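S.K.: See entry-v9.cif below, with mmCIF, C-alpha atoms and all ligand atoms.
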data_start
loop_
_atom_site.group_PDB
_atom_site.id
_atom_site.type_symbol
_atom_site.label_atom_id
_atom_site.label_comp_id
_atom_site.auth_asym_id
_atom_site.auth_seq_id
_atom_site.Cartn_x
_atom_site.Cartn_y
_atom_site.Cartn_z
ATOM 1 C CA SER A 5 55.566 4.086 -52.093
ATOM 2 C CA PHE A 6 55.400 7.735 -50.736
ATOM 3 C CA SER A 7 57.723 10.139 -52.581
ATOM 4 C CA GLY A 8 58.794 13.771 -52.210
ATOM 5 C CA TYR A 9 58.194 13.973 -48.460
ATOM 6 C CA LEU A 10 60.330 16.082 -46.150
ATOM 7 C CA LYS A 11 61.346 14.238 -42.971
ATOM 8 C CA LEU A 12 60.385 16.120 -39.788
ATOM 9 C CA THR A 13 61.102 13.416 -37.161
ATOM 10 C CA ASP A 14 61.899 9.611 -36.999
ATOM 11 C CA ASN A 15 58.264 8.874 -38.004
ATOM 12 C CA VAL A 16 56.627 12.096 -39.292
ATOM 13 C CA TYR A 17 56.930 13.234 -42.932
ATOM 14 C CA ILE A 18 55.319 16.166 -44.746
ATOM 15 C CA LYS A 19 54.562 17.193 -48.368
ATOM 16 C CA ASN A 20 52.722 20.068 -50.040
ATOM 17 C CA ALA A 21 50.113 17.925 -51.764
ATOM 18 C CA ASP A 22 46.418 17.385 -52.347
ATOM 19 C CA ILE A 23 45.633 14.316 -50.142
ATOM 20 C CA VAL A 24 43.117 13.003 -52.800
ATOM 21 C CA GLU A 25 45.827 13.177 -55.477
ATOM 22 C CA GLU A 26 48.360 11.608 -53.063
ATOM 23 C CA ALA A 27 45.907 8.797 -52.215
ATOM 24 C CA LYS A 28 45.083 8.088 -55.889
ATOM 25 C CA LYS A 29 48.858 7.977 -56.692
ATOM 26 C CA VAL A 30 50.094 5.914 -53.694
ATOM 27 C CA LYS A 31 46.894 3.889 -52.872
ATOM 28 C CA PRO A 32 48.097 3.665 -49.177
ATOM 29 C CA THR A 33 46.874 1.030 -46.730
ATOM 30 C CA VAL A 34 45.260 3.840 -44.698
ATOM 31 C CA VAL A 35 44.125 7.289 -45.691
ATOM 32 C CA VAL A 36 42.957 9.504 -42.792
ATOM 33 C CA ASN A 37 39.821 11.563 -43.239
ATOM 34 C CA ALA A 38 39.247 14.776 -41.238
ATOM 35 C CA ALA A 39 35.773 13.624 -40.266
ATOM 36 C CA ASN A 40 33.035 15.084 -38.111
ATOM 37 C CA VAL A 41 31.047 12.948 -35.582
ATOM 38 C CA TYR A 42 28.231 12.405 -38.080
ATOM 39 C CA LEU A 43 30.543 11.321 -40.924
ATOM 40 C CA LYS A 44 28.890 14.016 -43.085
ATOM 41 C CA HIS A 45 31.629 14.615 -45.666
ATOM 42 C CA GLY A 46 30.591 18.030 -46.933
ATOM 43 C CA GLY A 47 33.721 20.140 -47.189
ATOM 44 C CA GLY A 48 37.471 20.346 -46.643
ATOM 45 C CA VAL A 49 39.386 17.070 -46.789
ATOM 46 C CA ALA A 50 36.202 15.032 -46.088
ATOM 47 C CA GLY A 51 34.296 16.578 -48.995
ATOM 48 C CA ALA A 52 37.242 16.106 -51.339
ATOM 49 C CA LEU A 53 37.851 12.446 -50.340
ATOM 50 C CA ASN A 54 34.137 11.680 -50.603
ATOM 51 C CA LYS A 55 33.824 13.330 -54.062
ATOM 52 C CA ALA A 56 36.809 11.205 -55.259
ATOM 53 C CA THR A 57 34.902 8.042 -54.229
ATOM 54 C CA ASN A 58 31.831 9.195 -56.315
ATOM 55 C CA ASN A 59 29.919 9.510 -52.962
ATOM 56 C CA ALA A 60 30.496 5.813 -52.052
ATOM 57 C CA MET A 61 32.272 6.971 -48.860
ATOM 58 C CA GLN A 62 29.140 8.948 -47.808
ATOM 59 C CA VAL A 63 26.791 6.017 -48.568
ATOM 60 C CA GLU A 64 28.980 3.690 -46.487
ATOM 61 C CA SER A 65 29.300 6.312 -43.730
ATOM 62 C CA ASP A 66 25.520 6.863 -43.512
ATOM 63 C CA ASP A 67 25.017 3.085 -43.063
ATOM 64 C CA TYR A 68 27.715 3.124 -40.323
ATOM 65 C CA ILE A 69 25.998 6.019 -38.484
ATOM 66 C CA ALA A 70 22.557 4.399 -38.867
ATOM 67 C CA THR A 71 23.963 1.288 -37.153
ATOM 68 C CA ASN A 72 26.357 2.783 -34.593
ATOM 69 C CA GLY A 73 25.402 6.368 -33.923
ATOM 70 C CA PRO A 74 27.854 9.241 -34.055
ATOM 71 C CA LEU A 75 31.542 9.088 -33.245
ATOM 72 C CA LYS A 76 32.980 10.982 -30.257
ATOM 73 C CA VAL A 77 35.096 14.161 -30.837
ATOM 74 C CA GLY A 78 38.633 12.677 -30.541
ATOM 75 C CA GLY A 79 37.415 9.283 -31.796
ATOM 76 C CA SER A 80 37.650 7.314 -35.017
ATOM 77 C CA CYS A 81 36.322 4.443 -37.077
ATOM 78 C CA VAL A 82 37.862 2.326 -39.840
ATOM 79 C CA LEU A 83 35.854 2.097 -43.018
ATOM 80 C CA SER A 84 36.692 1.233 -46.643
ATOM 81 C CA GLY A 85 39.177 3.403 -48.532
ATOM 82 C CA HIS A 86 37.188 2.729 -51.766
ATOM 83 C CA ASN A 87 39.320 3.780 -54.796
ATOM 84 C CA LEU A 88 41.736 5.824 -52.601
ATOM 85 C CA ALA A 89 43.158 3.385 -50.047
ATOM 86 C CA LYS A 90 42.586 -0.103 -48.549
ATOM 87 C CA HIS A 91 41.020 1.645 -45.517
ATOM 88 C CA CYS A 92 39.896 5.081 -44.494
ATOM 89 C CA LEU A 93 40.463 5.989 -40.869
ATOM 90 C CA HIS A 94 37.820 8.620 -40.141
ATOM 91 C CA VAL A 95 39.231 10.696 -37.298
ATOM 92 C CA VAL A 96 37.315 13.454 -35.531
ATOM 93 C CA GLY A 97 39.521 16.305 -34.411
ATOM 94 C CA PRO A 98 37.906 19.133 -32.370
ATOM 95 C CA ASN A 99 36.281 21.813 -34.479
ATOM 96 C CA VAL A 100 37.236 24.995 -32.606
ATOM 97 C CA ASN A 101 34.707 26.918 -34.819
ATOM 98 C CA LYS A 102 32.050 24.794 -32.902
ATOM 99 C CA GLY A 103 33.693 25.532 -29.490
ATOM 100 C CA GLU A 104 35.122 21.960 -29.148
ATOM 101 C CA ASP A 105 37.915 21.303 -26.642
ATOM 102 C CA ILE A 106 41.305 21.707 -28.414
ATOM 103 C CA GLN A 107 42.768 19.288 -25.767
ATOM 104 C CA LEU A 108 40.853 16.562 -27.703
ATOM 105 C CA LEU A 109 43.339 17.050 -30.593
ATOM 106 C CA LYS A 110 45.894 14.828 -28.829
ATOM 107 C CA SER A 111 43.163 12.141 -28.336
ATOM 108 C CA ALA A 112 42.308 12.442 -32.042
ATOM 109 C CA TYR A 113 45.977 11.870 -33.049
ATOM 110 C CA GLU A 114 46.205 8.838 -30.715
ATOM 111 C CA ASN A 115 43.948 6.992 -33.187
ATOM 112 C CA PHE A 116 46.854 7.052 -35.693
ATOM 113 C CA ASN A 117 48.907 4.792 -33.362
ATOM 114 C CA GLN A 118 46.664 1.831 -34.211
ATOM 115 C CA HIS A 119 48.063 1.816 -37.808
ATOM 116 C CA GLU A 120 51.670 1.169 -38.898
ATOM 117 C CA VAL A 121 51.596 3.741 -41.703
ATOM 118 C CA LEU A 122 49.092 6.410 -42.715
ATOM 119 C CA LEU A 123 48.579 9.122 -45.331
ATOM 120 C CA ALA A 124 46.926 11.984 -43.367
ATOM 121 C CA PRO A 125 45.942 15.611 -43.175
ATOM 122 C CA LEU A 126 46.725 17.866 -40.155
ATOM 123 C CA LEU A 127 43.796 17.278 -37.796
ATOM 124 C CA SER A 128 41.588 20.238 -36.792
ATOM 125 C CA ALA A 129 43.391 22.464 -39.362
ATOM 126 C CA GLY A 130 41.644 24.178 -42.334
ATOM 127 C CA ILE A 131 37.912 24.594 -41.874
ATOM 128 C CA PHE A 132 38.125 22.990 -38.374
ATOM 129 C CA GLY A 133 39.660 26.285 -37.143
ATOM 130 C CA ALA A 134 42.688 25.186 -35.114
ATOM 131 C CA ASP A 135 46.197 26.582 -35.568
ATOM 132 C CA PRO A 136 47.926 24.184 -38.038
ATOM 133 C CA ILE A 137 51.325 24.862 -36.385
ATOM 134 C CA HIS A 138 49.824 23.607 -33.096
ATOM 135 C CA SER A 139 48.283 20.587 -34.923
ATOM 136 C CA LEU A 140 51.695 19.593 -36.369
ATOM 137 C CA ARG A 141 53.268 19.920 -32.888
ATOM 138 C CA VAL A 142 50.580 17.670 -31.361
ATOM 139 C CA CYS A 143 51.033 15.218 -34.254
ATOM 140 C CA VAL A 144 54.817 14.871 -33.791
ATOM 141 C CA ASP A 145 54.447 14.609 -29.965
ATOM 142 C CA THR A 146 51.606 12.009 -30.119
ATOM 143 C CA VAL A 147 51.904 9.789 -33.188
ATOM 144 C CA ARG A 148 54.564 7.035 -32.939
ATOM 145 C CA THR A 149 53.620 5.213 -36.173
ATOM 146 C CA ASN A 150 54.737 6.380 -39.661
ATOM 147 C CA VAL A 151 52.594 9.361 -40.745
ATOM 148 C CA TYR A 152 52.851 11.063 -44.152
ATOM 149 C CA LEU A 153 51.183 14.450 -43.874
ATOM 150 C CA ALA A 154 49.685 16.032 -46.994
ATOM 151 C CA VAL A 155 49.306 19.829 -46.552
ATOM 152 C CA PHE A 156 47.276 21.329 -49.388
ATOM 153 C CA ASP A 157 48.145 25.052 -48.996
ATOM 154 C CA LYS A 158 51.736 25.826 -50.274
ATOM 155 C CA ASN A 159 52.060 28.915 -48.112
ATOM 156 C CA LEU A 160 50.968 27.004 -44.990
ATOM 157 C CA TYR A 161 53.348 24.136 -45.915
ATOM 158 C CA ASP A 162 56.295 26.614 -46.095
ATOM 159 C CA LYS A 163 55.296 28.211 -42.776
ATOM 160 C CA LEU A 164 54.984 24.752 -41.122
ATOM 161 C CA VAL A 165 58.415 23.602 -42.314
ATOM 162 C CA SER A 166 60.277 26.896 -41.599
ATOM 163 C CA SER A 167 58.809 27.201 -38.070
ATOM 164 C CA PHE A 168 59.190 23.489 -37.098
ATOM 165 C CA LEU A 169 61.120 23.067 -33.889
HETATM 166 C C1 LIG B 201 43.913 25.923 -46.968
HETATM 167 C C2 LIG B 201 44.262 26.009 -45.523
HETATM 168 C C3 LIG B 201 44.517 24.997 -44.643
HETATM 169 N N1 LIG B 201 44.482 23.627 -44.964
HETATM 170 S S1 LIG B 201 45.839 22.724 -45.207
HETATM 171 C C4 LIG B 201 46.362 22.180 -43.614
HETATM 172 O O1 LIG B 201 45.457 21.576 -45.956
HETATM 173 O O2 LIG B 201 46.836 23.577 -45.759
HETATM 174 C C5 LIG B 201 44.806 25.580 -43.351
HETATM 175 O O3 LIG B 201 45.031 25.061 -42.246
HETATM 176 N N2 LIG B 201 44.673 26.952 -43.543
HETATM 177 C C6 LIG B 201 45.134 27.941 -42.617
HETATM 178 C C7 LIG B 201 46.154 28.806 -42.994
HETATM 179 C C8 LIG B 201 46.670 29.697 -42.064
HETATM 180 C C9 LIG B 201 46.247 29.660 -40.751
HETATM 181 C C10 LIG B 201 45.294 28.741 -40.363
HETATM 182 C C11 LIG B 201 44.789 27.827 -41.275
HETATM 183 N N3 LIG B 201 44.542 27.206 -44.924
HETATM 184 C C12 LIG B 201 44.216 28.541 -45.423
#
Would it be possible to restate this file's structure as structure tokens?
Ligand SMILES: Cc1c(NS(C)(=O)=O)c(=O)n(-c2ccccc2)n1C

M.R.:
Amino acid sequence: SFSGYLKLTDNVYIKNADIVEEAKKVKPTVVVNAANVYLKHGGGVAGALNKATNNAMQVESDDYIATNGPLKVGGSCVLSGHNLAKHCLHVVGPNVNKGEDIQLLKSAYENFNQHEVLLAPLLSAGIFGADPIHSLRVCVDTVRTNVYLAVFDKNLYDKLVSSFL
């Protein structure tokens, strides 16, 4: 199972870890991807998860978009986890660098409540431009299921833990 996580609340845990390396090690039922509406996994967590699947995640995602059209900002879809997890929950948090409504971050985290346990990144953090401290706050106040957060940056991990209310 998950190891080396710091407990933040009854259901939220956090670790300074590369989510691809965590997924390969644990092979969770659900790994969350920090997706965009087009499921174009170019950079950040999405690019790293896709590269770990040898681009199979992108091929599957392009078929999904060809059939269904784009996701909504705040929305999600369940696809295969390939070699990383049983499933990948592609969740679209607002990209504040694209002027998307940060209030949609709570809607994005609500998708996690449809799964008993997830390995996840902080939504809208990193290249999505939101304040990661705010993202962790929204996570703990929204998600009721068991979420294991993998925060790649050590310095951000320390700041998140030391400032956690
Ligand atoms: C690598 C990285 C982030 N991704 S993460 C959540 O995997 O550590 C993240 O959110 N960043 C950041 C740090 C300070 C303030 C705002 C954002 N950094 C630099």

S.K.: Convert the output of the PyMOL selection byres (((chain A and resi 144) around 12) and not hetatm) on the shown file into explicit residues, formatted as a ChimeraX atom specification.

M.R.: /A:11-18,110,113-114,116-117,126-127,137-143,145-153,168-169

S.K.: Find the residues near ligand LIG 201 (chain B). Use a cut-off of 7 Å, count all atoms listed in the file, and write them as a PDB file with C-alpha atoms, in the coordinates of the input.

M.R.:
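Result went into pocket-v9.pdb, see below:
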ATOM      1  CA  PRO A 125      45.942  15.611 -43.175  1.00  0.00           C
ATOM      2  CA  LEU A 126      46.725  17.866 -40.155  1.00  0.00           C
ATOM      3  CA  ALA A 129      43.391  22.464 -39.362  1.00  0.00           C
ATOM      4  CA  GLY A 130      41.644  24.178 -42.334  1.00  0.00           C
ATOM      5  CA  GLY A 133      39.660  26.285 -37.143  1.00  0.00           C
ATOM      6  CA  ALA A 134      42.688  25.186 -35.114  1.00  0.00           C
ATOM      7  CA  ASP A 135      46.197  26.582 -35.568  1.00  0.00           C
ATOM      8  CA  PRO A 136      47.926  24.184 -38.038  1.00  0.00           C
ATOM      9  CA  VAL A 155      49.306  19.829 -46.552  1.00  0.00           C
ATOM     10  CA  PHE A 156      47.276  21.329 -49.388  1.00  0.00           C
ATOM     11  CA  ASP A 157      48.145  25.052 -48.996  1.00  0.00           C
ATOM     12  CA  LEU A 160      50.968  27.004 -44.990  1.00  0.00           C
ATOM     13  CA  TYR A 161      53.348  24.136 -45.915  1.00  0.00           C
TER      14      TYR A 161
END

S.K.: Would you mind listing what lies within 6 Å of range 71-77 of chain A as a list in words, with all atoms listed in the file counted and same-chain residues fewer than 3 positions away left out?

M.R.: residues 41, 42, 68, 96 and 98 of chain A

S.K.: For the selection just defined, write its residues with C-alpha atoms to a file, as a PDB file, in the frame of the given file.

M.R.:
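File produced: again-v9.pdb:
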ATOM      1  CA  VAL A  41      31.047  12.948 -35.582  1.00  0.00           C
ATOM      2  CA  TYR A  42      28.231  12.405 -38.080  1.00  0.00           C
ATOM      3  CA  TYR A  68      27.715   3.124 -40.323  1.00  0.00           C
ATOM      4  CA  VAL A  96      37.315  13.454 -35.531  1.00  0.00           C
ATOM      5  CA  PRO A  98      37.906  19.133 -32.370  1.00  0.00           C
TER       6      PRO A  98
END

S.K.: Provide the CA of residue 80 in chain A to CA of residue 43 in chain A distance in Å, to one decimal place.

M.R.: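 CA of residue 80 in chain A sits 10.1 Å away from CA of residue 43 in chain A.
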
S.K.: To one decimal in Å, tell me the separation between CA of residue 50 in chain A and CA of residue 166 in chain A.

M.R.: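 These two atoms are separated by 27.2 Å.
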
S.K.: Under the rule that all atoms listed in the file are counted, which of A:95, A:27, A:35, A:100 is the nearest residue to residue 112 in chain A?

M.R.: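 Counting all atoms listed in the file, the residue closest to residue 112 in chain A is A:95.
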
S.K.: To one decimal in Å, tell me the separation between CA of residue 124 in chain A and CA of residue 154 in chain A.

M.R.: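 Distance reported for this atom pair: 6.1 Å.
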
S.K.: Taking all atoms listed in the file into account, name the residue in A:81, A:165, A:23, A:123 that is nearest to residue 39 in chain A.

M.R.: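 Smallest separation from residue 39 in chain A among the options: A:81.
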
S.K.: Rank A:131, A:83, A:121, A:108 by their smallest atom-to-atom distance to residue 69 in chain A, using all atoms listed in the file, and report the top residue only.

M.R.: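 Of A:131, A:83, A:121, A:108, the one nearest residue 69 in chain A is A:83, counting all atoms listed in the file.
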
S.K.: Which is closer to residue 25 in chain A than all the others in A:87, A:107, A:65, A:128, using all atoms listed in the file?

M.R.: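 For residue 25 in chain A, the nearest of the candidates is A:87.
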
S.K.: Find the residue from A:93, A:122, A:132, A:6 that sits nearest to residue 105 in chain A; use all atoms listed in the file when measuring.

M.R.: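 For residue 105 in chain A, the nearest of the candidates is A:132.
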
S.K.: Measuring atom to atom with all atoms listed in the file, identify which of A:164, A:34, A:10, A:56 is nearest to residue 90 in chain A.

M.R.: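 Counting all atoms listed in the file, the residue closest to residue 90 in chain A is A:34.
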
S.K.: Which neighbours of residue 63 in chain A fall inside 12 Å, counting all atoms listed in the file, when residues of the same chain fewer than 6 positions from it are skipped, and could you give them as a ChimeraX atom specification?

M.R.: /A:43-45,54-55,57,69-70,83-84,86
